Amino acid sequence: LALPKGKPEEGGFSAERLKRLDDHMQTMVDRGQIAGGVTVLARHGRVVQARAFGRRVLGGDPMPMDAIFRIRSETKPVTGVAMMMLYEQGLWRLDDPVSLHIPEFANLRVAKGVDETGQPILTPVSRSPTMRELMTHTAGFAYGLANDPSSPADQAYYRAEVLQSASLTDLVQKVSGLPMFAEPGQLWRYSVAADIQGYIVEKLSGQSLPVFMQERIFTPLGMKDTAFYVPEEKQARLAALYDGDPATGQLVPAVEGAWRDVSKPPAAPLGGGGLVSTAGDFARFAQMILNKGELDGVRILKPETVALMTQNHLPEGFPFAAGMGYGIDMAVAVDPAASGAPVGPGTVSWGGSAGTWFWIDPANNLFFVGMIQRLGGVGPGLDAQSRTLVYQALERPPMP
């Protein structure tokens, strides 16, 4: 699994109590909640638990350890590293207006409310969002997958097919002429911001996003299976994506259509959602963050840059639990005691709509990668469950 192996007690875990995570994963397969999955738990640079469960596809063969997964929104922290590499080269600053780097954003308008004909009343945006706000989902851009007529801006991005564009130039031109959810800096709201960050990687680097991520991240870290598509020779390791249908609530093939397909290179590669990866590949990415920018003698970020990314960038003012802030393209647990969560302060995490999850806990020097392909609801449960089955198994000193 191209990362050092160890007994649980070398990570500081009870073997007996870690079996409870193994057991919960098997109970989730047995009771038909998921076809299968892969989990990786590492502490002090050594993998202490690495296990495959159930099946790749529902009828067929067992889940291999190097199964390939749609990681969806969990691509966002990878785009953040790409963006912070361009930061170290001086090509953009957090205080820059996004419109310095995307001039069409000069024409941004905001939905104030609706008139009697159910049309948004549109005002020119007060000012450009900042790059800091783009990296934090506080730029006021709308969400791209909600046909919600109570949020005009989201309705318009959905109707404009923002995420199913012909190119990243297209995506960004559409966004520039479409209503914003809100003025920049007003609230945190999950948005297309990482998909826009992707255009900025391309504009600033002179390379397409998939080339820039390959040369600067995946090849240097040995993330051999991480890409915006699954080449023909690897299609046999792809986990299949299952849903729960109404009535019987049992494992059904999922339908998503065209633009989500991972068999061909995508027209508009999504910095917020397009990557496939393996548990092993994502584990290497997680350890590079714990090492503050370096893996196996390969340095891709300065430690100051990793430290910046993994702090809360949300203003004092600030919809997602108590003690919970947000860094550069990641959630951060500023004060997890406030929500009774077991992770250490400074823990960074995220997850994907296909039910993959991870967290990196610098204070406890550990991380956890959870891989399934199950739409809506159950994936987040496994995340919270894993943490419990993980932090109950963890034995540390009282030394403060």
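For every residue, the number given is its place in the sequence shown, counted from 1.
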Absent coordinates between residue 318 and residue 319 - deposited residues affected, binned into four classes: 10 or more
Per the entry, higher mean C-alpha B factor between 263-271 and 106-114: 106-114
Mean C-alpha temperature factor, higher of 247-255 and 144-152: 247-255
Of the residues 135, 196, 122, 209, the one carrying the largest Cα B-factor as recorded: 122
Ranked C-alpha temperature factor of residue 66 among modelled chain residues, by third: middle
Residue 74 - Cα temperature factor, lowest/middle/highest third of chain: lowest
Third of chain Cα B-factors occupied by residue 161: middle
Within-chain third of residue 329 by Cα B-factor, per the entry: lowest
Position of residue 177 among the chain's modelled residues by C-alpha B-factor, lowest, middle or highest third: middle
